Amino acid sequence: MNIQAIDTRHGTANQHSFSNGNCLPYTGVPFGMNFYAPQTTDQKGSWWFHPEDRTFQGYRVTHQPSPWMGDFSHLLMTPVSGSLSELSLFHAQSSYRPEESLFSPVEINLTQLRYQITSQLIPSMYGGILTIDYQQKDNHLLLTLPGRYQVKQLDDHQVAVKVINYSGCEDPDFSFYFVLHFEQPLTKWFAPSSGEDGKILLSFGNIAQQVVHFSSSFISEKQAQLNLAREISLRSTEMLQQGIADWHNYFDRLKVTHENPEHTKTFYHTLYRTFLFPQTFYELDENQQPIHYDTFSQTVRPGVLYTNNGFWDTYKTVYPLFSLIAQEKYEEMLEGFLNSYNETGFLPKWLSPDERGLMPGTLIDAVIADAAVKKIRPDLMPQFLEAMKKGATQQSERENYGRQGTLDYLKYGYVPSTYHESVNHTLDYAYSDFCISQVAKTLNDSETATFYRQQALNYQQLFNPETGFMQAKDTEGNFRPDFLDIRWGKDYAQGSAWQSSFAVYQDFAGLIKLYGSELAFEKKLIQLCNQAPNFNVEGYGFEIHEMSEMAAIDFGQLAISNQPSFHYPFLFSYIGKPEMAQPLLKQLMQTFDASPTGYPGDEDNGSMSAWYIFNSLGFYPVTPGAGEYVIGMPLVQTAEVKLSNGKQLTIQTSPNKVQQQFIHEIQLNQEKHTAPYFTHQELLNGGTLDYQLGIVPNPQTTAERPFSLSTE
Ligand SMILES: OC[C@H]1O[C@H](O[C@H]2[C@@H](O)[C@H](O)[C@@H](CO)O[C@H]2O)[C@@H](O)[C@@H](O)[C@@H]1O
Ligand SMILES: [Ca+2]
Ligand code: NA
C-alpha cells in the first residue's frame, strides 16, 4: 500500500477510560526524532487529539509515546489571520472539517475555517516544511512555547526558539532547540525574550503563501541550524518524495496480499506503527559523528541514543521482527541502549526521554539475549553481560533504575508478597536470568551460564499446586490467603492470576510438569479461553481501561488488549495441540482494523502492531532468546519477506478465506515441516514457505515441542 493512503487517525479514538490503541496521528519519517500531529484540544490532558473533534489548535511538535508517559520537548505552530487580542490556544482555535483533511505519515493538510488558511506539513528526521496559504491580508504564525522558553528574531527570515518542558526527566532544565527559516520575511521586529508559557505571534503582512523550513536539536541552537542547513534547499515536494521513499524502504520489506483487501489495509496501518519507535535521539555533528544529550550528567555525549520505548512492551514483538527485516536498526538501537547503561549505571526500562522506570522487570535483557542467539552485535555482548550481571546483583539507590527487591530475590529465590506486583517481578527476573544465561553461553562463560540457568527456574517458587496459579508468597513461604483467580492488581500488574501465571517463556515444559501433565495444563488453558471475561477490581479499587477492554469482547481471560496475554494462543503448541488455537488466532486478528477504533487495546510503540504482523505471517516469537518462532495461523495469502541478510522468504497459502481456520500441512523449501516452530536460521535461509490450509484440523502426532530449558 502507498504511504499517502495510510490514515494516521488509525487507533486514535481513545480516552482515559477506554483504548482502541491510544495512538496519536503521528506524521514523521521512520524513527523520526520529532513527530507532528494536529492538536484538537488542550482540555483533556495527554488526550490532545480526538478524530471526532472539529477544533484545530495548531501543529504540535511531539515526543509523546503514550498518554501514560505524556510528552517532552513539545511546542505548537498555529497559522492565524487578522488581529488576536489574546494568544491562548483556545482564543486562536479554528474549526476544521476532518473529512476534507489529509492525515498521512508523510503529510498533514487542512483548512482553518475561521481564517481561510490551508496549510501543509511535511516531515524530515530533524525538521520539516510547513506551507501556509492565506486568503486574508494580515497573515501570521503563532508559536506556543510551553514551559520556560527563549525566542529571538535573528533576521527578517529567521527565528530561534528554546523550550524546557517534559513529563519526567533527570535534567530539570532539559532543553529543546527549534529554528524556523521563512521564505517570506517577518514584517514586525521583536526583541529577544524569555519567560514561561510563551505565545509569540509572528507577522508576515499581506502574503498569499508562507513556506517555513524548520529543524530542531537536543544539542544546541548551532546544531539545530546545521540540521536545517542540510535540507534548507529542498522544496516541500522534494521533502515529501524523500519521506515517501524512507517509508517505502521499510514497507517494501513485507509485500503481502490477502483474500480480503480490508486485511491488507489493516496490515499496512500496523506496519506504519511498527517503524516509528524507538525515536532517533542522536544528531550528527560537523564531522558526521553521532552526539546526543545525556540527561544524567546534563552534558552532550558522543554516540547514538534512542528514546520512547518501554521494553516490557517492545521486547515481545518489535525487536524479534527487526531481527528478520531491520537488523541495521536493531544493531544501532542496541548501541544506544548500552550508551543509556554507560550514562546511568543500569540498562534502561522505560525511556521518555530518559529513565522513567515504569512497569515491572528489565525486559531489555530479552532484547539483548535474542540479539546474542541471532548473532546480532556479538561485539557488544561482553559489555552487555557485565551490565546484565550488575542489574541482577546490585540494588539501585534511585527507585526508577534496574531491579526492585534484587537482594530479596537472591535471598529467597522470589520477590516476597510485601513488594508491589511481586508475582510479575519474580517471573520477569527468572526470565531475565534465562536471558543472562543465553548471553553467557554465546560467550562460552560456562560458570555464568550455569548459575543463571538455575536462577531461571525460580518461577517454581510462586506456583501453588492447590490453585494451579502463580501467587504471591511471604518470607516464610506462605501464599497470601483470600486468593481470587479474577482479582486484578496488588500481586499482579494490569491483570489477575489468569493474565499473570504463564510468563515462563524460558521453560513452558517445566511449568507444564508443575501442573502434573500436558493434559492438566490443557484443561487450564481451555478454562482460561472458554470462561466469561469477569474481573474483580479490589487490587486497584476501581475499574481500569485494561479490564474494560478484556470485558468488551468475549475471548474469556485471553486479554489480547494487553501484553501479558499476547503469547496465550501459543501455549497450546507446548502440549502438541497447536490445532486447538489456529481458529482462535484468526478470530483474534479480526479484532484489528485500520479504523480509529482499530486495536483491541494500547498499541504501545510498535508492540501490538508487530503482534499483528507476525501473526499475519503465521509465526510468533514466544521466547525471545531462544532463536525460534512458534507457528500460529496465517492471515496473508502471499508475503515476500526481504530478510536483512539479503535473502527473500516467499510465503504462499492455499486459498485463505474466513472458513480456513487450520493448518493442513507446511512445506519449507518443498520439505514437509512437522515441528510446531521454525528456527531463526531456517527462516534466514529464505526460500519458500507453503501453508496448505484446512476447514478442519490435521492433528500432528510429532513429539516435537518449541524450546524449554528443562528439555533442551
Ligand atoms: O505507556 C506506558 C505503559 O502504560 C501502561 O499502563 C498504563 C495504563 O494503561 C494502566 O491502566 C495503568 C495501571 O495503573 O498504568 C499506566 O502506566 C502499560 O500497559 C504498558 O503497556 C506501557 O508501557
Ligand atoms: Ca499495554
Ligand atoms: Na478496538
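Residues: numbered from 1 along the sequence shown. Both ligands and their constituent atoms are indexed starting at 1 by order of listing. Hydrogens, waters and symmetry mates are skipped; everything else that's a heavy atom, side chains included, is used.
Given atom 7 (C) of ligand 1, the protein heavy atom at minimum distance is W68 CG, 3.4 Å. The protein heavy atom nearest to atom 21 (O) of ligand 1 is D313 OD1, 2.6 Å. In terms of protein heavy atoms, atom 11 (O) of ligand 1 is closest to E546 OE1, 2.7 Å.
The Na ion (ligand 3) has no N, O or S atom of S19 under 3.0 Å away, backbone or side chain. Because the distance cut-off is set at 3.0 Å, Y599 qualifies as a neighbour of the Na ion (ligand 3) through one of its N, O or S atoms. Checking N562 against the Ca ion (ligand 2), an N/O/S atom falls under the 3.0 Å cut-off. Here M608 does not reach the Ca ion (ligand 2): none of its N/O/S atoms is less than 3.0 Å from the metal. At least one N/O/S atom of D604, from backbone or side chain, sits under 3.0 Å from the Ca ion (ligand 2).
Using bins of under 30°, 30° to 60° and over 60° for the plane-to-plane angle, the ring pair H16/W68 lands in the perpendicular bin. Using a 30° and 60° split on the angle between ring planes, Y268 and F251 fall in the tilted class, from 30° to 60°. The aromatic rings of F35 and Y26 are tilted relative to each other, their planes meeting at an angle between 30° and 60°. Using bins of under 30°, 30° to 60° and over 60° for the plane-to-plane angle, the ring pair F218/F281 lands in the perpendicular bin. By the 30° and 60° cut-offs, the orientation of the rings of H10 relative to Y599 is tilted.
Interface atoms of ligand 1 facing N562, defined by a heavy-atom separation under 4.0 Å, are 19 (O). The contact set between ligand 1 and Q563, taken as ligand atoms under 4.0 Å from a residue heavy atom, comprises 21 (O). Those atoms of ligand 1 that come under 4.0 Å of a heavy atom in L358, given as number and element, are 2 (C), 3 (C), 17 (O).
Residue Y540 places no N or O, backbone or side chain, under 3.5 Å from any N or O of ligand 1.
Between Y306 and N339, every side-chain heavy-atom pair lies at or beyond the 4.5 Å cut-off. Between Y429 and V415, some side-chain heavy-atom pair lies under the 4.5 Å cut-off.
Ring-centre distance between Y568 and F555: not below the 6.0 Å cut-off.
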Steps toward side chain to side chain contact (heavy atoms under 4.5 Å, CB included) verdict (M388, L347): CA-CA 7 Å; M388 291 160 107; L347 286 165; 3.8 Å; yes
Under the side chain to side chain contact (heavy atoms under 4.5 Å, CB included) criterion, do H567 and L571 qualify, and how do the steps go? CA-CA 7 Å; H567 65 292; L571 288 176; 4.0 Å; yes
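Taking the Na ion (ligand 3) as the corner point, the angle from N20 atom OD1 to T597 atom O is about 90° (rounded to 10 degrees).
Residue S66 places a heavy atom under 4.0 Å from ligand 1.
Here the shortest heavy-atom distance to atom 18 (C) of ligand 1, taken over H16, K349, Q494, belongs to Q494.
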